[PDB]
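Asker: Generate coordinates for the sequence data below:
(one chain, ligands or ions: 1)
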Amino acid sequence: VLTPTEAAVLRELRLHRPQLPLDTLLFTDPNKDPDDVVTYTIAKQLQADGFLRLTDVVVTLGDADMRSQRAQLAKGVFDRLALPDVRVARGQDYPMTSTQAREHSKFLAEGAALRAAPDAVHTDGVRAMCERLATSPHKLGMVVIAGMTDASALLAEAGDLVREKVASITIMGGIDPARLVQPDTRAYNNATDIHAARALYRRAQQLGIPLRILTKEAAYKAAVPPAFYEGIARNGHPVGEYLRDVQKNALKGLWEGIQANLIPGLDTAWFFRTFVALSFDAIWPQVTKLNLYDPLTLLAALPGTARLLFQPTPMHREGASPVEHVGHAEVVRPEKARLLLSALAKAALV
Ligand SMILES: [Ca+2]
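Answerer: Numbers count the residues shown, from 1 in each chain. What follows is the structure:
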């Protein structure tokens, strides 16, 4: 069940269903934060409503065994969302410094019990995506909400196909100051594998495939409150309880760390200014602002939802391969984006 205003926004989106669902290839790094799994959850409702069909997911971030743990978790979540036919595969190796090893090996305890068995996920990265680009009668969309090792691998291995079978590439990323458009080395997903990010941004443009880049500023504007997570956990859906528990515990850990001055450069003032001697139970209720970067990227990737919420700004040189930017100014309906994200996640968890 939805609230009156949630039910209305979902009715409104439903007027804009496409004739055919858009087949979708997703590149993702779940269980180091809530974002990717919120995206899988809203994708379930978008699939149920005929906007997309999530055919293949390739998982990155970490060494080979870590990528398999993430892929097992993704497949576990798709199973619990009754998306039984999503094909999940581990992505390929990529270069990691010692500093990256620590961050890229983050795997939140709440996801451990959600993992499908190891043999439920595939080890051959983008092979199935290649075969599917070959045999699709209609163009597919590519959505990147993680590092780009595999997305770039796909454009490289199937460069012949992608030119005629991929409609757009939408990325949670960032555009470097200097230009062809190239990736910002500071943006998290680009920094996961910066050479692959450069190869992808560059090759998409050489191949004439439209790029749409959603940046962290777009999410700030449409940040959701804790009620978003409490709403989806309310009825005991395991994916809803996972999301609320991961967000609440991540935030608890950040609060406690700052309280003890253990996170250099951050302080109580930064925490109140970002999210708003206390225990975390007295802070959780004051929080009002939680970012959903990856779900917004997915909303930006589908024309039906994009036209509802966004007015992307073109960044390419007049006449060149299109590159659009979605930042704070381009999120034109943020309260509607908030309400639509809540509507989709609650409907998905029925
Ligand atoms: Ca992500």
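
Asker: which residues are contacting stretch 288-299?
Answerer: Residues outside stretch 288-299 that contact it (C-beta atoms under 8 Å, 6 or more residues apart in numbering): 28, 35-36, 38-39, 42-43, 46, 143-145, 170-172, 214, 216, 218-220, 222-226, 228-229, 247, 251, 274-276, 305-306, 309-310, 331, 337, 340-341. For every residue, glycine as well, the C-beta is placed using N, CA and C.

Asker: near the ion, from those?
Answerer: 35-36, 145 (C-beta under 5 Å from the ion).

Asker: Flag every residue of the chain that's near the ion.
Answerer: Checking the chain against the ion by C-beta under 5 Å from the ion, the hits are 29, 35-36, 145-146, 294.

Asker: 8 Å instead?
Answerer: By C-beta under 8 Å from the ion, the residues of the chain that approach the ion are 28-30, 32-33, 35-36, 39, 145-146, 172, 188-189, 293-294.

Asker: How about the secondary structure of the residue of the stretch 151-300 of the chain at minimum distance from the ion?
Answerer: Nearest to the ion, among the residues of the stretch 151-300 of the chain, is residue 294, at 4.8 Å (C-beta to the ion). What DSSP: H, G, I helix; E, B strand; the rest coil gives for residue 294 is helix.

Asker: tell me, how many neighbours does it end up with?
Answerer: Neighbour count for residue 294, taken as other C-beta atoms under 10 Å: 29.

Asker: Just the buried ones from the residues of the chain next to the ion?
Answerer: By neighbour count, with 16 or more other C-beta atoms under 10 Å, the residues of the chain next to the ion hold 28-30, 32-33, 35-36, 39, 145-146, 172, 188-189, 293-294 as buried.

Asker: All the helices of the stretch 251-350 of the chain, residue numbers only.
Answerer: 268-275, 280-283, 293-301, 303-309, 334-348 (DSSP state H, counting those that start in this stretch).

Asker: The first one: how far from the chain's middle?
Answerer: Centre-to-centre, helix 268-275 and its host chain are 24 Å apart (C-alpha atoms, centre = their mean, to the nearest Å).

Asker: Now it: buried residues?
Answerer: 271, 275.

Asker: Roughly how far does residue 106 sit from residue 257?
Answerer: As judged by C-beta to C-beta, to the nearest Å, residue 106 and residue 257 stand 14 Å apart.

Asker: same deal with residue 248?
Answerer: 15 Å.

Asker: do residue 161 as well
Answerer: 46 Å.

Asker: which of those two has more neighbours?
Answerer: Shown here are residue 161 and residue 257; by other C-beta under 10 Å, residue 161 has more neighbours (20 against 13).

Asker: ok, now which ones touch the more buried one?
Answerer: Residue 161 touches 130, 133-134, counting by C-beta under 8 Å, 6+ apart.

Asker: Can you name the helix or strand that it falls in?
Answerer: helix 159-165 (DSSP states H and E).

Asker: Now find how far off-centre that helix is within its chain.
Answerer: 24 Å.

Asker: how about the residue of the chain positioned farthest from its centre, what does it touch?
Answerer: The centre of the chain is farthest from one residue, residue 277, which by C-alpha atoms, centre = their mean lies 34.3 Å away. Taking C-beta under 8 Å, 6+ apart, we find residue 277 in contact with residue 259.

Asker: and the closest residue to residue 164 other than its chain neighbours, how many residues sit next to it?
Answerer: Closest residue to residue 164 apart from its sequence neighbours, by C-beta to C-beta, 6 or more residues apart in numbering: residue 139 at 7.9 Å. Counted by other C-beta under 10 Å, the residues lying close to residue 139 total 15.

Asker: Does residue 139 touch residue 166 like I think?
Answerer: Yes: the criterion here is C-beta atoms under 8 Å, and residue 139 meets it with residue 166 at 6.2 Å.

Asker: wouldn't residue 57 be in contact with residue 74 here?
Answerer: Yes: with contact defined as C-beta under 8 Å, residue 57 counts as touching residue 74 (5.9 Å).

Asker: Can you pull the residues that touch both of those two?
Answerer: Common neighbours of residue 57 and residue 74 (C-beta under 8 Å, 6+ apart) are 28, 88.

Asker: residue closest to the middle of the protein?
Answerer: Short answer for the chain (C-alpha atoms, centre = their mean): residue 294, at 2.8 Å.

Asker: Now do the strands in this protein.
Answerer: 22-28, 52-59, 87-90, 140-145, 166-172, 211-214, 313-314, 323-326 (DSSP state E).

Asker: Dump those to a markdown table, plus distance to residue 181.
Answerer: Shown next, in a markdown table, are these (distance: least, C-beta to C-beta, whole Å):
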| stretch | distance to residue 181 |
| --- | --- |
| strand 22-28 | 19 |
| strand 52-59 | 23 |
| strand 87-90 | 28 |
| strand 140-145 | 14 |
| strand 166-172 | 11 |
| strand 211-214 | 7 |
| strand 313-314 | 11 |
| strand 323-326 | 5 |
